[PDB]
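Participant: So I've got this experimental structure, pasted below with the sequence.
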Amino acid sequence: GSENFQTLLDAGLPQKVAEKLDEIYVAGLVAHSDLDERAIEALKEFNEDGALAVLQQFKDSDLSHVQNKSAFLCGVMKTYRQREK
C-alpha cells in the first residue's frame, strides 16, 4: 500500500480495514487528513465486518456533492451503528 497504510494501522485499525482504507487515499478521492477525530474514534467503535461494510458502502456512494469529506463518512458511520429495527 501507500503512505497512509502504516498510519491507519497505528490509528488503531485492524489490518483488514486499513488495507481497504489506504486505497481510498491512493485513488484521488479524499485526503487521509480529511477526517475529524470523531471519525478516528468511531472507527474503533466498529468490529471488522462492521467497519468493512462502512468502507464498502462509503466507496459505493457518490463523492461529487461532498465537501466536508469527514461529515460524509461520519454520516455513513452513524447509519451503521443505528441499525435497530
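Facilitator: Structure's in. What do you need? Numbering: from 1, shown residues only.

Participant: switch to C-alpha atoms for all contacts and neighbour counts from now on
Facilitator: OK.

Participant: What ranges does this protein have for its helices?
Facilitator: 3-10, 15-26, 37-44, 48-59, 69-81 (DSSP state H).

Participant: Not counting its neighbours along the chain, what's nearest residue 70?
Facilitator: Nearest in space to residue 70, with sequence neighbours left out and distances taken as Cα to Cα, 6 or more residues apart in numbering, is residue 35 at 4.4 Å.

Participant: these two touch, right, the one you found and residue 43?
Facilitator: No. Residue 35 is not in contact with residue 43 according to Cα atoms under 8 Å; the separation is 10.9 Å.

Participant: Who has more neighbours out of those two?
Facilitator: residue 43 (20 against 17; other Cα atoms under 10 Å).

Participant: Look up how far residue 65 lies from the more buried one.
Facilitator: 23 Å (Cα to Cα, to the nearest Å).
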